[PDB]
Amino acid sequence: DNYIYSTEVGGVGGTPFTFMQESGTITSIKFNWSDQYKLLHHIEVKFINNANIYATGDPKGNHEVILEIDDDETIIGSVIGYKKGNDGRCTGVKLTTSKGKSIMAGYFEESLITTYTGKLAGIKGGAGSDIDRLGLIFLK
């Protein structure tokens, strides 16, 4: 591929998902989480030049954040909080862009990945009630 694949972190649960577009970058990402369970429950992605919302997980959470990404905007800093192991869950995400935009979703109470940086082109993982595992995908 012409892509970089960040480690999927979290557990083995959920239905798999992959969100990529043939020559497309993420223009919008949404994280839904709960104070009650301290996990991510639901993720939405929009891509450049495509009106479709791609969604996974159950939007059961009392909070959401959206990050909109300009066409020339990169991720210069990215951290995913998670519970490790087979019954693991994805708990939080901090993103920071080349234009000083940042977002913070969920909780960071067990494990952390500091991912590869670049132009966010997609996400892969598994989800059901919760976001079980999550990995970012970048352009090279």
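A residue's number is simply how far along the shown sequence it sits, counting from 1.
Taking only CA atoms, the mean B-factor in the PDB entry is higher for 30 to 38 than for the other of 30 to 38 and 93 to 101. Comparing 46 to 54 with 67 to 75, the stretch with the higher mean C-alpha B-factor in the PDB entry is 46 to 54.
For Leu139, the recorded CA B-factor ranks within the highest third of the chain. Only modelled residues enter the ranking. Ranked against the other modelled residues of its chain, the C-alpha B-factor of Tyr82 as given in the entry falls in the lowest third. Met20 sits in the highest third of its chain by CA B factor, as recorded in the PDB entry.
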